[PDB]
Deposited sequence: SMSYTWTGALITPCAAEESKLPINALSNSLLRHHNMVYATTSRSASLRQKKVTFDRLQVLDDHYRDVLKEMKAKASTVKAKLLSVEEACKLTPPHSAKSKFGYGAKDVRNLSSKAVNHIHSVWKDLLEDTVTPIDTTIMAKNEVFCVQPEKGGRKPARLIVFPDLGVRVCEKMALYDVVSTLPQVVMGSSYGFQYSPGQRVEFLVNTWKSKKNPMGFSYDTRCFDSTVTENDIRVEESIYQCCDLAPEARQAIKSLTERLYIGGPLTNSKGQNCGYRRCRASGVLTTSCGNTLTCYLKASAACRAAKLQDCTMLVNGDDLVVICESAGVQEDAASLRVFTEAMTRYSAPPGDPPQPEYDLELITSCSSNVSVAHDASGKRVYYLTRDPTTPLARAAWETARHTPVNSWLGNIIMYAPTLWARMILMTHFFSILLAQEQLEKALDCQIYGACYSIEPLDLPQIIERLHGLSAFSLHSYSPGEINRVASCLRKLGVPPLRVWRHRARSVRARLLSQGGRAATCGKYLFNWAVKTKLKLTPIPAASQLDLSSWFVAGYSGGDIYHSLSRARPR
C-alpha cells in the first residue's frame, strides 16, 4: 500500500510565491543576516513528494487490539450531537478558501441562501452515497525558516461545502471524544501553564523517572487505510444520531481513507491512500492513532507505569526507570513495535533522565524565578524559527501572524518578552494599530485578537508570574544569545533599552495601552512596579480542520 501515487502533473501555486526575505525600513532593527531566512514554495514540491511517498506494512498483535478495545469502551460513553448548518457556518474562518461552487467563507458565515443551499445539497449527497471518492486540492505550503533548506510541506483539503458538512457530522465528536478516550494523556486539553504543570507533576510522580519523545517519520504518510477505519470504528462507538452515523461512514469511505488529488489549475496530480492534512479529523485522528500505537508499544516493551502525552503525531512517554541499560533496551523494543504498527522513527528515541532535555510539541521545560524568587517552570523553545518568521512578518502582511501566536504561547520566555513584545509593540505604536484585531493560530485553530488584549490572555494561560520571571537558566540564556548571533539580531541589552522606550510610550495612552506597558514591560524597568491581578481555548486540537474560535 503506497501512501500516494502520482500522475506527473505538477503541484501548482495559486498565486505568486516569495522565497527571499522581504526587507523594509524596519527589517535591520530586528535581523541583519537576511540570507539565512527563506520561505518554501511549490518549486520544491517534487522533493517533498519523494519523502512522503512510500509503502506501508502493518502487523497488528494482541497488545494493539487490547488497547483498541479499551479505547472503544471509553468512546462508548460519549454522546455527541449533529451541528446545524448555522452552527457549522459560524465555525468557518472569515478567510477560509472559497468554494469551487460559487460562494465563499463570508457567504457561509453570513448564511447566504446560495452557500446554505449548496451545503444542504452536499450533506444530502453524503447520506445518499457512501462510495464515491470526494475531490481534494493539493498545495505546497509557503512557510518561513532559517537555513540549516527544507522542501515545502503539502496540504490536502476538500471543498468549502464539504468542510462545513464535516463540522456538522464531527465537530462535537472530535471536540469531546479524545479527552474521554485518552484522559490526561490528551495534549490539547492543556493551556501552556497546565501542560508544564502536568509534565512536571507526571515526572515527579515516578520513583525514578525516565522519559522520551518519539518522532515518527512523516506521520501522515504512515497512516494506513486500517488506521482510518479503526478511527471510524472509535467514532461509531459514540451515542450518535443515525444521520450522523451515516455521514461519518460516508466521510470516512469517500474522503478520510483517500481520494484523488487535484492541483490549483484543476489537473489530476494523483491519488492519496493516507491521512489528508487538511480535514477536520486530522488532529483527532492522528492523536487517537498515535496514542493507540504507542500505548500498545509500551506493553510490547514492558515499560513500567507509562504516562503518555500526545498531540497529533507528537508523542512523549514518561515512565518508571528499570535502570539505564534496561531502559535503553526497552526503548528499542518500543521502536520495533511502533515500526510493525507502521510508525517507524525519523530519529531513534533516546531515554532522558532530565525533564528539560525532552522536546515535545517542539518545546522543553525550563525554570526561572518570580518576583518572590520562587521557582517557576515554563515551556520554551529555540527561538530561531519564531524570529525568522517575525522578520518576515515585519516587512510583509501575512494571513496569519505567527509573532502574535508566539507571544501568546511563549509569553513567559526570555525571547518572546524581550524581543517579540518589544519589536511588535513598537511597530504597532508607530502605526496606531494597537486596537486592530489580528488573525493568529493556536493549536491550528484561528483566533482574531487585538494586541491590547494581551495582558489578560497571558495571565490566564500562564499565571501572573509570566510578567515577573527572571534569573532564567544559563542554558536557556545561552541558547537565546547564540540564536541572536546566528541571525544577526541585536543582543538582549539593546532590547532592554528599546523596551523602556516602548513602555513609556504605552503608559502615556492610558487605558488598555498603559496596562500593556505596565504588565508586558515590567521586566524592563530597574525598580519594578508591584504587579497585581488585572480586571477586564484549550479543549481540543483542530490543526488542518478549518476552525475559527
{"property": "Segments lacking C-alpha coordinates (deposited sequence numbering, starting at 1)", "result": "149 to 153, 542 to 549, 563 to 570"}
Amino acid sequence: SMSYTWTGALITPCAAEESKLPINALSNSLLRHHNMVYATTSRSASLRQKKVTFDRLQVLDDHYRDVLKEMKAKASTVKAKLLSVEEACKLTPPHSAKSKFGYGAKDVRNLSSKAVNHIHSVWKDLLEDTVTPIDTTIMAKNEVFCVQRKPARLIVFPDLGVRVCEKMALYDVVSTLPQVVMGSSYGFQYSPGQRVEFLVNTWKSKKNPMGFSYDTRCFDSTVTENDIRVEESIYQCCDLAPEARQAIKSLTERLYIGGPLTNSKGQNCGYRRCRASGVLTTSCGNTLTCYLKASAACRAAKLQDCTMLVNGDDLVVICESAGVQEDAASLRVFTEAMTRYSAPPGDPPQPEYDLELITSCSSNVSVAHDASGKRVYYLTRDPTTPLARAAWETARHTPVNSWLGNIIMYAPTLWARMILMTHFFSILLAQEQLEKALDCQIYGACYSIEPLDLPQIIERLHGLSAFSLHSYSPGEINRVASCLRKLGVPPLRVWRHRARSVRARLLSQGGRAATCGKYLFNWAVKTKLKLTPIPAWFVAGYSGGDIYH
From here on, numbers count along this sequence of modelled residues.
query: Mean Cα B-factor comparison, 176 to 184 or 355 to 363, giving the higher one as deposited; finding: 355 to 363
query: Of 17 to 25 and 525 to 533, the one with larger mean CA B-factor; finding: 525 to 533
query: Selection from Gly405, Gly373, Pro386, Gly161 [criterion: highest C-alpha temperature factor in the record]; finding: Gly373
query: Most elevated Cα B-factor in the entry, residues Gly285, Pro348, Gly278, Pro260; finding: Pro348
query: Cα B factor band for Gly312 (lowest, middle or highest third within the chain); finding: lowest
query: Among modelled residues of the same chain, the CA temperature factor third for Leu303; finding: highest
query: Third assignment of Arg65 from its chain's C-alpha B-factors; finding: lowest
query: Position of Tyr443 among the chain's modelled residues by C-alpha B-factor, lowest, middle or highest third; finding: highest
query: CA B-factor ranking of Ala395, expressed as a third of its chain; finding: middle
